[PDB]
């Protein structure tokens, strides 16, 4: 009702095994305040409390605080929630956290050896429920700093995927069985496939490298090309401006893409490992843009067309992780931090990752009931007042649908492409507004409740 950020924070970080209750408690607080003011400074998040501000700073630079522990705590929570769903998607990818202030020096390599920007590489596992594909939470994160000299690396970077699974398993436990891992072409690694199968784990992986199907003695593509057409499907590709490494700008006009779909069993040369596969390829593609084509490898069934489309769907949700990445930087301000020591920075940013998720969830919580499912009478009331005269017939006077647009519109949303879809950032903006105005709504209340003249 009155205290979400706070509730949220407790939910997520209540189990932090910090080595002192005080810590865990601070954590929740910090988390809370940060969340409340997603994207803003510790300072601003402190609402003027010096005590808070000092608490927060102290926390992140607290040498007894383990970021791992922090991350683990929030993850645990993910597991917990996961308990409620029968099929889960475990998205997995790597991103970077880049800094160029003094501390960057103490950080890892990201580009060239003389590159001023440095920091961490973080491989994450983001969980979704496979039914409506909503975001459940972070399940894992492996942060690391890349040595300037590759010979200085103890383990190949490529073992992350494997590192991830193991942690997943450990963490999910018996629930692993309901988890499907989704990864981009970079995970096209034999050892990887192999390891998953070994464990009887499920997955969807995009194919990067040509491989042979022992059975047919052909390359996956070629073999799949020969399979019968299960059907196909179509996608709307949206307009956009594009840029290249050289900075050449061009228009990528919208279009409708038609894809052929085929699937089959295959056996890879190496472990002589058998698995299913799917191939979606665009038909009569436009001479300009590049042909859409996905070849995926999975544990999942691919026989009929429904099955194979399920597969396509699953993978299509991989992008959610890219949204998470951006939600953590641009959104939560991961890269906007300027802590002066690697550990302080890491501790801070680790908390920000949970905020990133939340931001994502926020919209989901407004996506397809009556508004008061979600909102409170006063907010609901205010919202209504604020939205006075902007509602469209389409939106039931007072539904959850209404709510979302209303908040979106408070957010600045104007449906420029008329898709009716608002970015998570717009929604966050609207929510923020709503809660800000509410303050005054409730201020007044309190006054006139204690019998006081407004004017």
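Positions refer to the first chain, counted from 1.
K.L.:
Just how many deposited residues go unmodelled from residue 368 to residue 369: none, 1 to 3, 4 to 9, or 10 or more?
P.N.:
According to the record, 10 or more deposited residues lack coordinates from residue 368 to residue 369.
K.L.:
Between 311-319 and 145-153, which has the higher average C-alpha B-factor in the PDB entry?
P.N.:
Stretch with the greater average CA B-factor: 145-153.
K.L.:
Per the record, averaged over C-alpha atoms, which has the higher B-factor: 68-76 or 328-336?
P.N.:
Higher mean C-alpha B-factor: 68-76.
K.L.:
Going by the CA temperature factor in the entry, name the top one among 394, 26, 418, 40.
P.N.:
Reading the PDB entry, the winner on C-alpha B-factor is 394.
K.L.:
Pick out which of 134, 185, 118, 287 has the highest C-alpha B-factor in the PDB entry.
P.N.:
Going by the entry's C-alpha B-factors, 287 comes out highest.
K.L.:
Within this chain, which third does the Cα B-factor at residue 85 fall in: lowest, middle or highest?
P.N.:
Residue 85: CA B-factor falls in the middle third of its chain.
K.L.:
Place residue 106 in the lowest, middle or highest third of its chain's C-alpha B-factors, as listed in the PDB entry.
P.N.:
Tercile = lowest for this residue's CA B-factor.
K.L.:
Could you place residue 202 in the lowest, middle or highest third of its chain by Cα temperature factor, using the values in the record?
P.N.:
It belongs to the middle third of the chain when residues are ordered by C-alpha B-factor.
K.L.:
By the record's CA B-factor, is residue 280 among the lowest, middle or highest third of residues in the chain?
P.N.:
According to the entry, residue 280 has a C-alpha B-factor in the chain's lowest third.
K.L.:
Split into thirds by Cα B-factor across the chain's modelled residues, where does residue 53 land: lowest, middle or highest?
P.N.:
For residue 53, whose C-alpha B-factor we compare with every modelled residue in the chain, the answer is the lowest third.
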